[PDB]
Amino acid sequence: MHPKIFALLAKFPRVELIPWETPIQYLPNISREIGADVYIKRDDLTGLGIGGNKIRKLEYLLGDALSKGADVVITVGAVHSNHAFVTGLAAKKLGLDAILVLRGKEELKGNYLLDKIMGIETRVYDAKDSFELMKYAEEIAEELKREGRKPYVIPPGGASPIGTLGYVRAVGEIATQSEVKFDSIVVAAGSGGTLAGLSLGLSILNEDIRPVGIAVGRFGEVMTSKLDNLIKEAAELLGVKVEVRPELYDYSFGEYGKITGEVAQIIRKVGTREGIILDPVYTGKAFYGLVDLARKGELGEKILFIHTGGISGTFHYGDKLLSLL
């Protein structure tokens, strides 16, 4: 842990969910093929529930919830939401109650299934947007605080300002553990929250390292706008300045959730060549974006890929993947 990032995060409360540093590995076969050195940081091994990036955010999001004495945590997402499941699981683990506000086919699979198995309260709506649901949560919240109860509402993907500190911390971890001079750090971009933290983090260490995001869905308008809005807000929390511009490419393949044979092909490749399991909605596309950029000599010689989890999506959208291979 870098002394600087350590001192800057010192005054922030957090619940310690991750009790260790996730490992970083070199990918020999992938590296040989793309003509660049690619490493992977294993945040799919963060340990709570299905692991992944959202666990780092929850340490702060839940630290914040406990601080306000919340007794019920509410958040949203698609039915296949990784964020929703682990948010519910982590909240119950801390004696809190949770209500997941989802959207999508109510099939017993993936994280939705996991939600039911753990007995997490699930409320599915006809909505279309992930922020559309935000008002439905604000419904269950704004009211639930009538039965006395205090509610704590978390934005999509934990894209809150303190949530973002999760990856400021991750940068600190990576700085101290790795013995590699990285050229860029490639991460999938959903809410842009993880990317935001990595950006601010690198910025704080004044590292000439390119934080590269791979948008897996709706590129940007109010997205590319909240990204910057996310970066400056968390940077204000750290009472720090923000080095301008986190890169962002589009490999959503048209739309969030769209599953393609090229994404399916990357999942099988990385799986059988590095023994690592990626997912159809996030990491698979993100890594696809990695191989693409890399081969076009646009990411440098040493690339660190953040594995943000999502194995549930591979069980969930499994057959759509088969039917494409």
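Numbers for residues come from their place in the sequence shown, where the first is 1.
| Between 70-78 and 248-256, which has the larger average Cα B-factor in the PDB entry? | Here the higher of the two C-alpha B-factor means belongs to 248-256.
| Selected stretch [higher average CA B-factor]: 119-127 or 140-148 | Mean C-alpha B-factor is greater for 140-148.
| request: Check the PDB entry and point out which of 91, 175, 240, 165 has the largest C-alpha temperature factor. | output: By C-alpha B-factor in the record, 240 ranks first.
| field | Highest-ranked of 40, 58, 267, 294 once sorted by CA temperature factor in the record | value | Spelled out: the listed residue with the top C-alpha B-factor is 294.
| request: Place residue 47 in the lowest, middle or highest third of its chain's C-alpha B-factors, as listed in the PDB entry. | output: Residue 47: CA B-factor falls in the lowest third of its chain.
| What third of its chain, lowest, middle or highest, does the C-alpha temperature factor of residue 321 fall into? | For residue 321, whose C-alpha B-factor we compare with every modelled residue in the chain, the answer is the middle third.
| field | Within-chain third of residue 19 by Cα B-factor, per the entry | value | Middle third - that is where residue 19 ends up once the chain's C-alpha B-factors are sorted.
| message | Can you tell me whether residue 64 has a C-alpha B-factor in the lowest, middle or highest third compared with the other modelled residues of the same chain? | response | It belongs to the middle third of the chain when residues are ordered by C-alpha B-factor.
| Which third, lowest, middle or highest, does the CA B-factor of residue 109 fall in along this chain? | It belongs to the middle third of the chain when residues are ordered by C-alpha B-factor.
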